[PDB]
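Just the one chain here, laid out as C-alpha coordinates, in the form deposited in one PDB entry.
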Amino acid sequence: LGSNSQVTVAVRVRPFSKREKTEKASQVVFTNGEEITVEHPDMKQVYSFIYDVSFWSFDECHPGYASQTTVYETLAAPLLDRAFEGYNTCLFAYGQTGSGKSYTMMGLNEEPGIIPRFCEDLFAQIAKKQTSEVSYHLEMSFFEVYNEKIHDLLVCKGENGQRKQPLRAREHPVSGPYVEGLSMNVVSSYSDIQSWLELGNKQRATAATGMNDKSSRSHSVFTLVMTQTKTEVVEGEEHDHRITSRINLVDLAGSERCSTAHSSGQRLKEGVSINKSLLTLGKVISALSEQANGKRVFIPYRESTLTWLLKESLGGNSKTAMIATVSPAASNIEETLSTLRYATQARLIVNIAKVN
(Lines give C-alpha, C1' and ligand atoms only; values in the text may rest on other atoms or scores of the structure.)
Protein backbone atom coordinates (compact mmCIF):
# COMPACT_ATOMS: atom_id res chain seq x y z
CA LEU A 1 0.00 0.00 0.00
CA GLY A 2 0.95 3.66 -0.08
CA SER A 3 -0.24 7.25 -0.28
CA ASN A 4 1.86 10.02 -1.77
CA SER A 5 0.96 12.67 0.81
CA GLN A 6 2.51 16.12 0.73
CA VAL A 7 3.44 18.21 3.73
CA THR A 8 0.93 20.99 4.29
CA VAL A 9 2.74 24.30 4.67
CA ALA A 10 1.39 27.22 6.71
CA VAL A 11 2.98 30.63 7.34
CA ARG A 12 2.20 33.35 9.87
CA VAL A 13 3.16 37.04 10.23
CA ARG A 14 3.33 38.02 13.96
CA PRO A 15 2.55 41.65 15.04
CA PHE A 16 5.18 44.14 16.36
CA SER A 17 6.94 43.70 19.67
CA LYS A 18 7.86 46.38 22.18
CA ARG A 19 11.51 46.75 21.20
CA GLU A 20 10.46 46.65 17.55
CA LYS A 21 8.23 49.61 18.32
CA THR A 22 11.11 51.40 20.06
CA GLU A 23 13.55 51.20 17.16
CA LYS A 24 10.59 51.80 14.81
CA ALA A 25 10.98 49.30 12.00
CA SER A 26 8.08 49.96 9.67
CA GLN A 27 6.09 47.52 7.60
CA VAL A 28 7.96 45.43 5.03
CA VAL A 29 5.83 42.27 4.72
CA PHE A 30 2.49 42.10 2.92
CA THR A 31 -0.24 39.52 2.36
CA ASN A 32 -1.99 39.53 -1.00
CA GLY A 33 -4.92 37.65 0.46
CA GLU A 34 -2.94 34.45 0.96
CA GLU A 35 0.19 35.08 -1.11
CA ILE A 36 3.05 36.59 0.91
CA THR A 37 5.51 39.10 -0.49
CA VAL A 38 8.32 41.03 1.11
CA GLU A 39 9.89 44.38 0.35
CA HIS A 40 13.48 45.36 0.97
CA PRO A 41 13.29 48.93 2.51
CA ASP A 42 15.21 50.42 -0.45
CA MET A 43 12.61 49.14 -3.05
CA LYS A 44 15.08 46.36 -4.01
CA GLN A 45 13.90 43.28 -6.07
CA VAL A 46 10.44 42.83 -4.33
CA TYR A 47 10.19 39.08 -3.48
CA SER A 48 7.04 36.89 -3.67
CA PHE A 49 6.19 33.42 -2.38
CA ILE A 50 3.00 31.36 -2.15
CA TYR A 51 1.95 28.80 0.46
CA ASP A 52 -0.87 26.41 1.14
CA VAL A 53 -1.98 28.48 4.15
CA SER A 54 -1.13 31.95 5.48
CA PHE A 55 -1.96 33.97 8.57
CA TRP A 56 -1.82 37.75 9.11
CA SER A 57 -2.14 38.59 12.81
CA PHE A 58 -0.28 41.87 12.21
CA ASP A 59 -3.24 43.75 13.71
CA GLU A 60 -6.59 42.67 15.15
CA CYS A 61 -8.58 44.78 12.67
CA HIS A 62 -7.18 44.18 9.20
CA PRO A 63 -9.15 42.24 6.56
CA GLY A 64 -7.76 38.73 6.26
CA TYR A 65 -7.20 38.51 10.00
CA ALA A 66 -6.40 34.99 11.07
CA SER A 67 -6.06 33.92 14.70
CA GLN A 68 -5.13 30.99 16.93
CA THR A 69 -8.31 28.93 16.62
CA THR A 70 -8.30 29.52 12.86
CA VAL A 71 -4.79 28.08 12.60
CA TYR A 72 -6.12 25.21 14.69
CA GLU A 73 -9.21 24.33 12.72
CA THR A 74 -7.33 24.77 9.44
CA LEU A 75 -4.28 22.50 9.94
CA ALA A 76 -4.39 20.71 13.28
CA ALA A 77 -8.02 19.56 13.02
CA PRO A 78 -7.39 17.71 9.72
CA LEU A 79 -4.46 15.99 11.37
CA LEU A 80 -6.70 14.96 14.24
CA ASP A 81 -9.04 13.27 11.80
CA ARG A 82 -6.03 11.52 10.25
CA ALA A 83 -4.97 10.49 13.76
CA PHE A 84 -8.46 9.01 13.98
CA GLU A 85 -8.30 7.32 10.51
CA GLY A 86 -5.25 5.29 11.70
CA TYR A 87 -2.02 7.36 11.08
CA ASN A 88 0.63 9.33 13.01
CA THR A 89 0.92 13.11 12.88
CA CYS A 90 3.80 15.57 12.52
CA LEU A 91 3.31 19.35 12.53
CA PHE A 92 6.56 21.23 13.07
CA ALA A 93 7.43 24.88 13.51
CA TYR A 94 10.24 27.11 12.26
CA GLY A 95 11.23 30.67 12.96
CA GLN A 96 13.72 32.84 14.89
CA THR A 97 13.95 34.32 18.43
CA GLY A 98 10.72 36.20 19.39
CA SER A 99 8.89 35.06 16.18
CA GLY A 100 5.80 33.33 17.71
CA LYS A 101 6.47 29.56 17.33
CA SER A 102 5.70 29.04 21.08
CA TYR A 103 2.56 31.26 20.86
CA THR A 104 1.24 29.40 17.74
CA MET A 105 1.81 25.87 18.99
CA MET A 106 1.17 25.94 22.74
CA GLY A 107 0.07 29.46 23.64
CA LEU A 108 -0.51 31.38 26.88
CA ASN A 109 -2.81 30.83 29.85
CA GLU A 110 -5.70 32.77 28.30
CA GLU A 111 -5.12 32.04 24.57
CA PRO A 112 -3.83 28.49 24.11
CA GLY A 113 -2.52 26.96 20.90
CA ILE A 114 -2.66 23.81 18.79
CA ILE A 115 -1.50 21.47 21.54
CA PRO A 116 -4.31 21.94 24.11
CA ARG A 117 -6.84 22.32 21.33
CA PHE A 118 -5.76 19.01 19.72
CA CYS A 119 -5.91 17.29 23.09
CA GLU A 120 -9.27 18.78 24.09
CA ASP A 121 -10.85 18.02 20.73
CA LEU A 122 -9.47 14.47 20.90
CA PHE A 123 -10.99 13.91 24.33
CA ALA A 124 -14.40 15.41 23.54
CA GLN A 125 -14.59 13.66 20.17
CA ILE A 126 -13.59 10.37 21.82
CA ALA A 127 -16.10 10.53 24.65
CA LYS A 128 -18.68 11.28 21.96
CA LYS A 129 -17.49 8.07 20.22
CA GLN A 130 -16.62 5.98 23.31
CA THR A 131 -18.96 3.00 23.57
CA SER A 132 -18.52 -0.68 24.40
CA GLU A 133 -17.82 -1.37 20.72
CA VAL A 134 -14.41 0.36 20.57
CA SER A 135 -12.39 1.34 23.64
CA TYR A 136 -9.72 4.03 23.90
CA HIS A 137 -6.32 4.02 25.59
CA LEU A 138 -4.02 7.01 26.14
CA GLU A 139 -0.59 7.95 27.42
CA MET A 140 1.63 10.99 26.88
CA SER A 141 5.25 11.70 25.96
CA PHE A 142 6.95 15.07 25.84
CA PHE A 143 10.72 15.50 25.44
CA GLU A 144 13.35 18.14 24.80
CA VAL A 145 16.68 18.49 23.06
CA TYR A 146 19.27 20.63 24.81
CA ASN A 147 22.95 20.74 23.89
CA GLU A 148 22.64 17.60 21.77
CA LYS A 149 21.17 15.76 24.79
CA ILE A 150 17.71 14.36 25.38
CA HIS A 151 15.73 15.18 28.49
CA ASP A 152 12.30 14.07 29.69
CA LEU A 153 9.94 16.93 30.33
CA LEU A 154 7.48 14.98 32.49
CA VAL A 155 9.99 13.79 35.10
CA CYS A 156 10.65 16.07 38.05
CA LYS A 157 14.15 15.72 39.46
CA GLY A 158 15.43 14.97 42.94
CA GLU A 159 17.06 17.26 45.45
CA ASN A 160 20.29 18.25 43.74
CA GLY A 161 20.66 21.11 41.29
CA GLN A 162 22.12 19.44 38.18
CA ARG A 163 19.83 16.38 38.26
CA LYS A 164 18.79 16.66 34.61
CA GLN A 165 19.11 13.05 33.62
CA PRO A 166 20.07 12.48 29.98
CA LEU A 167 18.77 9.72 27.78
CA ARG A 168 19.88 8.11 24.56
CA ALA A 169 18.36 7.30 21.23
CA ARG A 170 18.37 3.87 19.65
CA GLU A 171 17.41 2.34 16.33
CA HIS A 172 14.88 -0.43 16.30
CA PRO A 173 15.16 -2.29 12.97
CA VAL A 174 11.45 -2.12 12.07
CA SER A 175 10.04 0.67 14.22
CA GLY A 176 12.89 3.01 13.45
CA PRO A 177 14.44 5.23 16.05
CA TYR A 178 13.23 5.88 19.55
CA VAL A 179 14.27 7.14 22.95
CA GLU A 180 15.21 4.86 25.82
CA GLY A 181 13.79 5.59 29.24
CA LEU A 182 10.97 7.89 28.28
CA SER A 183 8.49 8.12 31.14
CA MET A 184 5.42 7.93 28.97
CA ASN A 185 2.78 8.40 31.67
CA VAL A 186 -0.86 7.42 31.37
CA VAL A 187 -3.89 9.67 30.92
CA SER A 188 -7.67 9.40 30.70
CA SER A 189 -9.03 12.94 30.21
CA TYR A 190 -8.02 16.56 29.67
CA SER A 191 -7.03 17.53 33.21
CA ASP A 192 -4.02 15.27 33.66
CA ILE A 193 -2.88 16.04 30.11
CA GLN A 194 -3.02 19.65 31.27
CA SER A 195 -1.01 18.93 34.41
CA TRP A 196 1.58 17.23 32.23
CA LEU A 197 1.80 20.22 29.89
CA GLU A 198 2.20 22.34 33.02
CA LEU A 199 5.12 20.31 34.31
CA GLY A 200 6.65 20.25 30.84
CA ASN A 201 6.43 23.90 29.86
CA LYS A 202 7.77 24.59 33.35
CA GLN A 203 10.68 22.17 33.08
CA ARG A 204 11.58 23.34 29.58
CA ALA A 205 14.77 25.32 29.34
CA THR A 206 14.14 29.05 29.06
CA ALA A 207 16.35 32.08 29.45
CA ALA A 208 16.30 35.85 29.27
CA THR A 209 17.90 37.28 26.14
CA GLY A 210 18.03 40.46 24.11
CA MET A 211 14.89 39.74 22.09
CA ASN A 212 12.30 38.02 24.39
CA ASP A 213 13.00 37.54 28.15
CA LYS A 214 11.25 34.14 28.15
CA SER A 215 13.22 32.73 25.16
CA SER A 216 13.18 29.01 24.22
CA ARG A 217 16.64 27.31 24.53
CA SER A 218 15.43 23.83 23.66
CA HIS A 219 13.59 21.92 21.04
CA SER A 220 10.38 20.36 22.31
CA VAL A 221 8.49 17.42 20.86
CA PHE A 222 4.94 16.43 21.85
CA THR A 223 3.71 12.87 21.17
CA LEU A 224 0.60 11.30 22.70
CA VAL A 225 -0.13 7.61 22.13
CA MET A 226 -3.78 6.85 21.43
CA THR A 227 -4.99 3.30 20.80
CA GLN A 228 -8.46 2.41 19.54
CA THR A 229 -9.51 -1.20 19.06
CA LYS A 230 -10.46 -2.65 15.66
CA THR A 231 -13.57 -4.69 16.47
CA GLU A 232 -13.22 -7.87 14.48
CA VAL A 233 -15.59 -10.80 14.66
CA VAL A 234 -13.70 -13.97 13.72
CA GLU A 235 -13.93 -17.71 14.32
CA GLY A 236 -12.24 -17.18 17.71
CA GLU A 237 -11.68 -14.24 20.02
CA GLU A 238 -12.76 -10.72 19.08
CA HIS A 239 -11.50 -7.14 19.37
CA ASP A 240 -7.79 -8.06 19.44
CA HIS A 241 -6.84 -6.21 16.25
CA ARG A 242 -6.16 -2.55 17.00
CA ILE A 243 -5.54 0.84 15.25
CA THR A 244 -2.93 3.10 16.90
CA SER A 245 -1.83 6.72 16.70
CA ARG A 246 1.27 8.56 17.87
CA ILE A 247 1.17 12.37 17.70
CA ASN A 248 4.07 14.68 16.78
CA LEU A 249 4.00 18.44 17.37
CA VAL A 250 7.37 20.16 17.35
CA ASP A 251 8.32 23.57 18.76
CA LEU A 252 11.99 24.50 17.85
CA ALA A 253 14.37 27.29 19.13
CA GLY A 254 15.70 30.40 17.20
CA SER A 255 18.77 31.07 15.03
CA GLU A 256 20.28 33.37 17.63
CA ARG A 257 22.69 35.76 16.04
CA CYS A 258 25.31 36.29 18.79
CA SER A 259 25.58 40.14 18.51
CA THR A 260 21.93 41.17 19.12
CA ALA A 261 20.80 38.64 21.74
CA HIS A 262 24.44 38.56 22.88
CA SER A 263 25.85 36.55 25.85
CA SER A 264 29.05 34.62 26.76
CA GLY A 265 29.45 31.00 27.89
CA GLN A 266 26.45 28.78 28.34
CA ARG A 267 23.99 31.15 26.68
CA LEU A 268 26.38 31.15 23.65
CA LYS A 269 27.16 27.37 23.70
CA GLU A 270 23.57 26.22 23.47
CA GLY A 271 22.99 28.78 20.76
CA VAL A 272 25.64 27.19 18.56
CA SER A 273 24.03 23.83 19.06
CA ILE A 274 20.61 25.17 18.14
CA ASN A 275 21.93 26.63 14.94
CA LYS A 276 23.79 23.42 14.14
CA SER A 277 20.55 21.53 14.51
CA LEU A 278 18.66 23.99 12.33
CA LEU A 279 21.31 23.74 9.62
CA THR A 280 21.03 19.98 9.41
CA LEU A 281 17.26 20.13 9.24
CA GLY A 282 17.48 22.51 6.34
CA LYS A 283 19.54 20.04 4.39
CA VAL A 284 16.95 17.33 5.02
CA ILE A 285 14.14 19.51 3.74
CA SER A 286 16.19 20.59 0.75
CA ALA A 287 17.25 17.05 0.08
CA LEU A 288 13.75 15.65 0.34
CA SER A 289 12.54 18.25 -2.09
CA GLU A 290 15.07 17.04 -4.63
CA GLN A 291 13.90 13.52 -3.81
CA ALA A 292 10.43 14.39 -5.03
CA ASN A 293 11.89 15.45 -8.38
CA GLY A 294 13.89 12.38 -9.32
CA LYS A 295 17.32 13.48 -8.09
CA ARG A 296 19.44 10.81 -6.41
CA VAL A 297 20.07 12.13 -2.91
CA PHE A 298 20.91 11.14 0.65
CA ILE A 299 19.08 12.56 3.65
CA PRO A 300 21.46 13.26 6.55
CA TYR A 301 19.19 12.22 9.34
CA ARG A 302 22.03 11.09 11.56
CA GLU A 303 23.92 14.34 12.04
CA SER A 304 21.47 15.38 14.76
CA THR A 305 19.28 13.88 17.43
CA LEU A 306 16.25 15.85 16.30
CA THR A 307 16.26 14.95 12.62
CA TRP A 308 17.19 11.40 13.64
CA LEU A 309 14.18 10.78 15.85
CA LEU A 310 11.88 12.51 13.39
CA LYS A 311 13.13 10.26 10.61
CA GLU A 312 9.78 8.55 10.11
CA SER A 313 8.04 11.94 10.16
CA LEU A 314 10.03 14.17 7.86
CA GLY A 315 9.69 11.37 5.38
CA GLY A 316 8.38 7.99 6.36
CA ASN A 317 4.91 7.25 7.69
CA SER A 318 3.00 10.24 9.06
CA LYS A 319 0.64 13.01 8.01
CA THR A 320 2.79 16.03 7.71
CA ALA A 321 2.73 19.78 8.17
CA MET A 322 5.06 22.76 8.57
CA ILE A 323 4.39 26.14 10.17
CA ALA A 324 6.65 29.15 9.70
CA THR A 325 6.77 32.36 11.70
CA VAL A 326 7.93 35.74 10.44
CA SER A 327 8.04 39.25 11.81
CA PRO A 328 7.33 42.58 10.04
CA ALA A 329 10.62 44.46 10.18
CA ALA A 330 13.61 45.08 7.93
CA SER A 331 15.78 43.54 10.68
CA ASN A 332 14.57 40.07 9.69
CA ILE A 333 14.81 40.32 5.91
CA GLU A 334 17.22 37.56 5.03
CA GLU A 335 16.16 35.50 8.04
CA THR A 336 12.58 35.79 6.87
CA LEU A 337 13.58 34.83 3.37
CA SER A 338 15.49 31.89 4.82
CA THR A 339 12.36 30.99 6.75
CA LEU A 340 10.15 31.49 3.73
CA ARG A 341 12.46 29.68 1.37
CA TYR A 342 12.60 26.62 3.57
CA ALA A 343 8.82 26.37 3.49
CA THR A 344 8.82 26.47 -0.29
CA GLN A 345 11.11 23.48 -0.17
CA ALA A 346 8.90 21.76 2.40
CA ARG A 347 5.97 22.33 0.06
CA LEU A 348 7.48 19.88 -2.41
CA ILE A 349 8.19 16.94 -0.09
CA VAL A 350 6.05 13.81 -0.21
CA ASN A 351 5.96 10.81 2.09
CA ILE A 352 4.14 7.49 2.17
CA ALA A 353 1.51 7.02 4.88
CA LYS A 354 -0.18 3.75 5.91
CA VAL A 355 -3.12 2.73 8.18
CA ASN A 356 -1.87 1.18 11.49
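Throughout, rigid core stands for the largest set of C-alpha atoms superposing within 1.5 Å between the two forms. A residue's number is simply how far along the shown sequence it sits, counting from 1.
There is another form of the same protein, the form deposited in another entry; it is not shown, and what comes next is about it.
Core-superposed comparison between this form and the one not shown: CA of residue 39 displaced by less than 2 Å. Annotation for residue 137: C-alpha shift under 2 angstroms between this form and the one not shown, rigid core superposed. The Cα shift for residue 287 between this form and the one not shown, taken after rigid core superposition, is 2 angstroms or larger. An increase of at least 3 Å in the separation of the C-alpha atoms of residue 338 and residue 313 is found in the other entry, compared with the displayed form. Relative to this form, in the other entry the C-alpha atoms of residue 261 and residue 102 separate from one another by 3 angstroms or more.
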